[PDB]
Structures are given as C-alpha cells and as structure tokens.
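Asker: Going down the list, the protein sequences come from chains h and i. If you read the first sequence in the authors' numbering, its first letter stands for residue 102, the second for the next number, and so on. If you read the second sequence in the authors' numbering, its first letter stands for residue 455, the second for the next number, and so on.
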Amino acid sequence: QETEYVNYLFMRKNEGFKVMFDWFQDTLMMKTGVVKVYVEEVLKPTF
Amino acid sequence: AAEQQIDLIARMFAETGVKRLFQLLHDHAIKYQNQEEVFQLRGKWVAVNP
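(1) May I ask you to verify whether the stretch 111–120 of chain h touches the stretch 459–472 of chain i, counting CB pairs closer than 8 Å and requiring at least 3?
(2) In the DSSP assignment, the alpha helix (DSSP H) including h:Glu103 goes from what residue to what residue?
(3) With 8 Å as the threshold, decide whether the Cβ of i:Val502 is near any Cβ in chain h.
(4) Can you check whether the C-beta of h:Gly134 is within less than 8 Å of a C-beta belonging to chain i?
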C-alpha cells in the first residue's frame with residue numbers, strides 16, 4: 102500500500118520527471134541535488 | 455537497442471506538451487460547443503463544463 106502510495110506520489114503529482122532528471126543534472130556537475138518537500142492546502146469545495 | 459535516448463527525448467516532449475494540453479483543458483472549461491464525438495459512435499457528453 103505505501104509503496105504504491107510513494108510511486109503514485111512520484112508520477113503524476115509533481116511536474117512529472119523534471120525533478121527526477123534535474124536530480125542527476127545537478128548532482129553530476131554541481132555535486133548535489135536538493136528538493137524542497139512541503140505540504141500545502143487545496144480547495145474547490147461546493148461553491 | 456539498449457534503451458535509446460530518443461524514447462526519453464519524446465517522453466520529455468510529452469511532459470512539456472502536457473502544459474499545452476492543460477491549456478486546452480482550460481479552453482474546454484471556458485467554452486467550445488454542445489457538440490459530441492465521432493469515436494465509434496455518434497454522441498458523447500458536452501465538454502463545456504467537465
């Protein structure tokens with residue numbers, strides 16, 4: 102269940118594969134790839 | 455052929471085109487018509503307010 106949750110977080114939840122590719126693009130030249138991971142709030146209830 | 459890079463090039467092209475497709479989604483939400491589709495049938499739901 103949690104592995105499926107983390108995989109579903111990886112795909113179709115944050116700008117696609119751009120983060121996971123800039124991973125290597127940063128860590129291979131600038132020597133580190135760091136990502137901010139912060140929780141935010143969402144909306145569109147009945148209105 | 456050992457995971458040719460062309461596949462990733464087309465993939466990143468796809469996630470870039472995701473943005474233009476989302477713009478199309480906003481356009482559908484705004485206004486197209488009360489029309490339908492032609493995929494294997496005549497008549498599908500209106501995409502004015504999906």
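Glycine included, C-beta positions come from ideal geometry on N, C-alpha and C.
Answerer: This is what the structure gives:
(1) A contact between stretches requires three or more CB pairs, one per stretch, nearer than 8 Å, and the stretch 111–120 of chain h meets this requirement with the stretch 459–472 of chain i.
(2) Boundaries of the alpha helix (DSSP H) harbouring h:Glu103: 103–111, taken from the DSSP string.
(3) Residue-level contact check: i:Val502 does not touch chain h, since none of the beta carbons of chain h fall below 8 Å from its beta carbon.
(4) So no, h:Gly134 is outside the interface.
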